[PDB]
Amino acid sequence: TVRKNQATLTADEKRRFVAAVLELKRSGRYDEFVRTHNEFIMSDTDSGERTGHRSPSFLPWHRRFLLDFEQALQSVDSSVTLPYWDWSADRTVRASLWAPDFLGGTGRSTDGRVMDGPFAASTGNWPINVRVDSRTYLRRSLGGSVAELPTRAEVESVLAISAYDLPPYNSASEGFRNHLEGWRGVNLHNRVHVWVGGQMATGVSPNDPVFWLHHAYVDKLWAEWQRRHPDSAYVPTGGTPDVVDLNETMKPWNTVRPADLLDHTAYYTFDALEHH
């Protein structure tokens, strides 16, 4: 499996990715990914148990969650892989990402409703079922709540941080994981959720298929960081309360550890990933 930059997909690849996502939605499988993510977002806390977010396991947890979703896509069409969105480069609403043949564009100004693309409510094919309010249509406000996506220079600043994570292993930490996640510093991952707006800014953010492409690029940046820092590795490495240590297993799967997920090449490669 090769994960490709969304900007490089062929028309056929776009078509098959959209169709596989819509079939997972139709069959009911998609919404359970939305529900899993919301459960963890609502339960991960800085002072208590934390696994999917605001903690060192944010990266391996989303790596495995994306692998579950990619496998489900492949169960519909084995040719499909998750593409990634390099938001440092494709930073405008005119990126082909947001074209009607791929994810559709921003929401109208009255109610944020996405009006085109395969996931527009008018298609009948994308009900928002796992939700925190009455609205049942996909919403976005690209660039509405924050003006700008992170820039390449900002990303480079984060990639240069040598320590994977640091005590207290939460949203106050210094180190790579939290700067990539975005609770400290120039803010990479959190700010992208805010920039898309709509459901992507909420605990039910996998309602928007861009979630997957965002996290596939966050996941690529982890791989890039590993190449810049071959001498740095996941921490903590044992006995830390409330935090997933290197060789501890992770919920919900219970059968996989951060250690099993550090090397993406066991599962997939990227179209391009610079060497050390």
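Between two forms, the rigid core is defined as the largest C-alpha subset superposing within 1.5 Å. Counting begins at 1, following the sequence as shown.
Superposition on the core shows that, in 9 other deposited structures of this protein, the C-alpha atoms drift more in one of 70-78 and 129-137; this is 129-137. On average the C-alpha atoms of 92-100 have higher B-factors than those of the other stretch, with 129-137 and 92-100 being the two compared. Relative to its counterpart among 5-13 and 18-26, 5-13 has the higher mean temperature factor, C-alpha atoms as listed in the PDB entry.
Among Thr202, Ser75, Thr106, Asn190, the highest C-alpha B-factor in the deposited entry belongs to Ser75. Out of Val80, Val194, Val114, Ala153, the entry records its largest CA B-factor for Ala153. Ranked against the other modelled residues of its chain, the C-alpha B-factor of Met42 as given in the entry falls in the highest third. Among all modelled residues in its chain, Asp68 ranks in the middle third by Cα B-factor. Per the PDB record, residue ranking by Cα B-factor puts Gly198 in the middle third of the chain. In the PDB entry, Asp231 places in the highest third of its chain by CA B-factor. Among the modelled residues of its chain, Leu262 has a C-alpha B-factor that falls in the lowest third, as given in the PDB entry.
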